[PDB]
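Protein chains in written order, with this note's numbering: chain R, 1406 to 1465; chain Y, 2 to 68; chain G, 27 to 170; chain F, 510 to 694. All C-beta atoms, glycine included, are put in the ideal place defined by N, C-alpha and C.
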Amino acid sequence: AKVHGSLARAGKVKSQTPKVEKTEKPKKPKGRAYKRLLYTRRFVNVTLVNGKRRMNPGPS
Amino acid sequence: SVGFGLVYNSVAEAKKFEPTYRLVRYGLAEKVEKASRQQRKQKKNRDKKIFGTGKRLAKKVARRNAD
Amino acid sequence: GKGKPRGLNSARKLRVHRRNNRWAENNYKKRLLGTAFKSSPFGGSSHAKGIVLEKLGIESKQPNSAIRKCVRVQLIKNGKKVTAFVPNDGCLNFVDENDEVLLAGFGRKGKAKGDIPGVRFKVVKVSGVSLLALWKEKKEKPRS
Amino acid sequence: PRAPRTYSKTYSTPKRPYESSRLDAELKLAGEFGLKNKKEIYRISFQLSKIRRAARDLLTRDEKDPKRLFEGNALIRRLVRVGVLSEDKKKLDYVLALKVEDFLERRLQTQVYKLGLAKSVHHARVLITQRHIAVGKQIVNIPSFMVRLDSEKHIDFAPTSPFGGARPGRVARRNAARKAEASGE
RNA sequence: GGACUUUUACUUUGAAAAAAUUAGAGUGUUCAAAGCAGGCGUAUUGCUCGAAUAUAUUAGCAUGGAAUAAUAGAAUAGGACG
RNA sequence: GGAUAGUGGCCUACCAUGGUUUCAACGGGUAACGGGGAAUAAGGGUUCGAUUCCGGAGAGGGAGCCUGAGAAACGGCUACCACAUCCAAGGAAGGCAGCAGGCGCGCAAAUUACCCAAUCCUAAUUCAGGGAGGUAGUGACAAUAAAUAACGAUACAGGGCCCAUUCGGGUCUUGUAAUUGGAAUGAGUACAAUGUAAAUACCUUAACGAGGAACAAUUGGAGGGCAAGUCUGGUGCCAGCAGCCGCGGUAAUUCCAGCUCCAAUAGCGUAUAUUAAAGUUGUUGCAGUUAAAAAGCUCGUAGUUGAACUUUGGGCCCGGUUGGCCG
Ligand SMILES: [Mg+2]
Ligand SMILES: [Mg+2]
Ligand SMILES: [Mg+2]
Ligand SMILES: [Mg+2]
Ligand SMILES: [Mg+2]
Ligand SMILES: [Mg+2]
Ligand SMILES: [Mg+2]
Ligand SMILES: [Mg+2]
Ligand SMILES: [Mg+2]
Ligand SMILES: [Mg+2]
Ligand SMILES: [Mg+2]
Ligand SMILES: [Mg+2]
Ligand SMILES: [Mg+2]
Ligand SMILES: [Mg+2]
Ligand SMILES: [Mg+2]
Ligand SMILES: [Mg+2]
Ligand SMILES: [Mg+2]
Ligand SMILES: [Mg+2]
Ligand SMILES: [Mg+2]
Ligand SMILES: [Mg+2]
Ligand SMILES: [Mg+2]
Ligand SMILES: [Mg+2]
Ligand SMILES: [Mg+2]
Ligand SMILES: [Mg+2]
Ligand SMILES: [Mg+2]
Ligand SMILES: [Mg+2]
Ligand SMILES: [Mg+2]
Ligand SMILES: [Mg+2]
Ligand SMILES: [Mg+2]
Ligand SMILES: [Mg+2]
Ligand SMILES: [Mg+2]
Ligand SMILES: [Mg+2]
Ligand SMILES: [Mg+2]
Ligand SMILES: [Mg+2]
Ligand SMILES: [Mg+2]
């Protein structure tokens, strides 16, 4: 069907999303320590068992 | 430190049977330096363009200073 | 026994029969006919670099409504003209015209990809500088 | 024109990329023996995989076959030597079984901790790579060393470094240099 | 040494067989991928284990088998032995 | 007969009419050098091999030849063809599919460095020569090992647990903590020795070298397949996503971001090809009434295939290798 359509709007939404800067955060350990940090988080102490389990829970 | 060593039956014996870079390391032999390896090659190739001793070719090219 | 000869001396027939019937295999057929070398815009190779002629407004297929930003490209080694897609958002701002671009396949083995009709290629680099990199802030587009 | 330098890869990778059960089972193993990689598990499974293959093939052969007896015993005696294989099950129908942890349990990473000396699997790691401890007077910085079980008795701190005693070292001697300089003349 | 022998397939064992690669034994390259080293002493005048084995399939050669499947024979007797 | 080192239609003379083919000759294609081998792991297979070893062929394209034991040689010559360089215009000269290096070509690939110390080769030869070869430089081709942190104390909090009439925190650690604590090491830097032909790195090792401004890990993804949010902001069938199914037209679990989370991690994404998944090429092992597929019918050569039957049964002997009960 149609081939020449308007090019004017190219980049529209990315150009108009309000920029918010990355916020400075504690540096996460790289390597074995991160695996460790996962292990103790995922298994040892756990967190919440509600209904099954949850990894990245929001306002629950 | 694991390593290797030799002991010759005399110092004359060593000097004749030893790699010449070792006698250098020790100081039993002087390092006589020469032109670059690719400098020598170039010298040879230049020499190849001359048949004979060539000092006779120095006079005939001196005649060119006239003509 | 339904067809195939079970005999101990029938090896020839059994070979020849398979040979014949391989041609009904799409992949086998392409490979021997040399379709890649003969047809197809790329020489059979993985990428091809070419030059931008015009910037197209190709409209999406149904049930989708959009305008997909694409460019008509003339491959250097060929002369073959090809329309390719310029991925992500903006990025058609990076291209312009008579520019050098690096085209790559769309993954579908020929076979144009999405709601984008007839476009079998996509842009990877422009002016040697890699659309991805341009798109974030990482690199900048060269002089001329 | 030189003979090719030969090489081989020491690991294999799981086909199903996301399997929640395998992942959990994987992490625990790492979190226990103190591994930074899934590859450090992948490697062992690959080594184990080839061993089981050899074992498998040997079993199909007739009992008391010359190849089977020779190669079979070698595999067994190798496995027993390092301490993966139990003395009680020596006959290789158990090498067919085995399992991963039996290999992991023998790493110098783990032996240094199992013996005390560390009191963490992670403290174990850092000590080893830091040019501490040893087998002989020979230092070993690789956590994967696979203690040979008759060398098990000789795991101890190095003749060098502190903890085996040498000299406190730059981080400590720095403070000792700040103690006598600030407080004294 | 003489005098003659119906033709094949299949299977067995063996000879002839480059190395590197593969499988694989031995050996603690600090581990490992590797390498083919090395290991012991009187470490002042030497002792010493190694550098295996397997695969190598069609064809050709050599040998054992005689089931399976072919081939040839004696009927115008122009048959067989002496 | 001639010719060759020599067999031979290799060539010539005379004579004859032969030679190959559906068991596929002849011809065509090959983005074809052959092989040892490579990739893919139930097996049977499939695909690949320009390229470290072996064999062959070539030296811009053809032909011809000198030398010699050996060449139809090309870092030898002669001629033609195509390139192409120097000049005083008369003439003369070149052949990188050797090492580096340049242009062109493209998706696609490194230094105009050092040395004969090793590995070996050649010569009249222990010595000379060797861009063979080694050395370093460039180098995320592929391959191996594996740093980016370890340990306490303390501040509430908890789950344990003995007691619970009821305050609870007490010593066994689970750790989330926005103040703390001294310990440790190489990444780098660097005397020195080691290393090396001489250097460089490595292995050693004085002096230095860690607290968040760091010596600060990435690359993709978070609707389904598929592991991880229905969080907040933005846009409003636009911009864009999306291998495939599908998202976006104003509360978007797919876009643009912030936060948080997942997977692999010194690596991870993409494109193209191939292999496994594929019993969707099927010998093992497919399907053909209606899903793709039995020729309208019968004859029939090539091909494949093809009933049963011919020394079986019984007797005697010899000596091997496992395994038992015993040693
Ligand atoms: Mg020279
Ligand atoms: Mg001369
Ligand atoms: Mg058809
Ligand atoms: Mg649809
Ligand atoms: Mg157009
Ligand atoms: Mg072209
Ligand atoms: Mg055989
Ligand atoms: Mg005729
Ligand atoms: Mg044919
Ligand atoms: Mg070709
Ligand atoms: Mg080849
Ligand atoms: Mg081939
Ligand atoms: Mg080619
Ligand atoms: Mg021609
Ligand atoms: Mg020639
Ligand atoms: Mg040349
Ligand atoms: Mg030559
Ligand atoms: Mg003149
Ligand atoms: Mg060159
Ligand atoms: Mg490259
Ligand atoms: Mg060179
Ligand atoms: Mg870092
Ligand atoms: Mg820091
Ligand atoms: Mg990210
Ligand atoms: Mg899920
Ligand atoms: Mg929203
Ligand atoms: Mg998001
Ligand atoms: Mg991957
Ligand atoms: Mg079969
Ligand atoms: Mg089917
Ligand atoms: Mg129908
Ligand atoms: Mg039908
Ligand atoms: Mg019919
Ligand atoms: Mg017919
Ligand atoms: Mg029959």
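Using 8 Å as the cut-off, can you tell me whether the stretch 613 to 631 of chain F makes contact with the stretch 649 to 660 of chain F, which would need three or more C-beta pairs spanning the two stretches below that distance? yes
Cβ contact (3+ pairs, closer than 8 Å) linking the stretch 102 to 116 of chain G and the stretch 516 to 528 of chain F: Remark: fewer than three beta-carbon pairs, one from each stretch, lie closer than 8 Å, so the stretch 102 to 116 of chain G and the stretch 516 to 528 of chain F are not flagged as touching.
When every heavy atom of ligand 2 is checked, does at least one fall within less than 7 Å of the C-beta of residue 48 of chain Y? Within the cutoff, so yes.
Residue 742 of chain F versus residue 1434 of chain R - alpha carbon distance: Residue 742 of chain F is absent from the structure shown; chain F starts at 510 and stops at 694.
Look up residue 567 of chain F in the DSSP assignment and say whether it is helix, strand or coil. helix
Could you run through the stretch 674 to 688 of chain F and flag, in chain order, every residue whose CB is less than 8 Å away from some CB of chain R? Listed by position, the residues of the stretch 674 to 688 of chain F near chain R (Cβ gap below 8 Å) amount to none.
So the alpha helix (DSSP H) residue 56 of chain G belongs to, where does it begin and stop? 52 to 59
Please confirm whether residue 1411 of chain R has its beta-carbon closer than 8 Å to some beta-carbon of chain G. Chain G, which has a Cβ nearer than 8 Å to the Cβ of residue 1411 of chain R, makes this yes.
Where does residue 6 of chain Y land, buried or exposed, given buried means 16+ other C-beta within 10 angstroms? exposed
With a threshold of 8 Å, are at least 3 pairs of Cβ atoms found where one atom belongs to the stretch 158 to 169 of chain G and the other to the stretch 130 to 140 of chain G? The stretch 158 to 169 of chain G, when compared against the stretch 130 to 140 of chain G, does not touch it at the 8 Å Cβ threshold.
For residue 111 of chain G and residue 87 of chain G, believed in contact at Cβ under 8 Å, the rounded distance: That belief does not hold up - the Cβ atoms of residue 87 of chain G and residue 111 of chain G are roughly 13 Å apart, past 8 Å.
Cβ shell of residue 31 of chain G (< 6 Å), same chain only, five flanking positions each side left out: 39
With a threshold of 7 Å (Cβ to nearest heavy atom), would residue 134 of chain G be considered close to ligand 5? no
Using a cut-off of 9 Å between C-beta atoms, extract the partners of residue 567 of chain F located in chain R. Neighbours of residue 567 of chain F on chain R: none; closest Cβ ~37 Å, over 9 Å.
Please report how far the alpha carbon of residue 1432 of chain R lies from the alpha carbon of residue 1439 of chain R, in whole angstroms. 11 Å
How about residue 563 of chain F and residue 584 of chain F: are their beta carbons less than 8 Å apart? yes
Which one or two residues does DSSP pair with residue 85 of chain G in a beta bridge? BP columns for residue 85 of chain G point to G:93.
Proximity below 8 Å, CB of residue 74 of chain G to CB of residue 103 of chain G: yes
Shorter than 7 Å, the distance from the beta carbon of residue 75 of chain G to the closest heavy atom of ligand 6, or not? no
Where do the N-terminal and C-terminal ends of the alpha helix (DSSP H) with residue 624 of chain F fall, by residue? Membership of residue 624 of chain F in any alpha helix (DSSP H) is not indicated, and neither H nor E is assigned to it by DSSP.
Check whether the Cβ atoms of residue 155 of chain G and residue 127 of chain G lie closer than 8 Å to each other. no
Check the Cβ of residue 119 of chain G against every Cβ in chain R and list those closer than 8 Å, keeping chain order. 1415 and 1416
Please list, in chain order, the chain R residues whose beta carbon lies closer than 7 Å to that of residue 95 of chain G. 1412 and 1415
For residue 92 of chain G, verify whether its CB is less than 7 Å away from any heavy atom of ligand 3. For ligand 3, not one heavy atom lies less than 7 Å from the Cβ of residue 92 of chain G.
For residue 168 of chain G, which option in G:120, G:45 and G:68 has the closest C-alpha, if you only look at C-alpha atoms? G:120
If you follow the beta strand (DSSP E) that residue 126 of chain G is in, where does it begin and where does it stop? 126 to 131
Between the stretch 537 to 549 of chain F and chain R, which residues of the former have a C-beta closer than 9 Å to a C-beta of the latter? 537, 539, 540, 541, 543, 544, 545, 546 and 547
Any Cβ of chain F within less than 8 Å of the Cβ of residue 1458 of chain R? no
Rounded to the nearest angstrom, what separates residue 1451 of chain R and residue 1445 of chain R at their Cα positions? Looking at the two C-alpha atoms, the distance is approximately 7 Å.
DSSP beta-bridge partners of residue 111 of chain G: G:96 and G:148
Figure out for me which residue from F:594, F:623 and F:625 has the closest Cα to the Cα of residue 611 of chain F. Residue F:594 is the option with its Cα nearest to residue 611 of chain F.
Compute the minimum distance between the beta carbon of residue 1406 of chain R and the heavy atoms of ligand 3, and state whether it is under 7 Å. No, Cβ of residue 1406 of chain R sits at least 7 Å from all heavy atoms of ligand 3.
Minimum Cβ-Cβ distance from residue 1427 of chain R to chain G less than 8 Å: It does not; no Cβ of chain G falls within 8 Å.
Is the shortest distance between the beta-carbon of residue 1453 of chain R and the beta-carbons of chain F less than 8 Å? no
Contact list for residue 634 of chain F against chain R, beta-carbon separation under 9 Å: 1437
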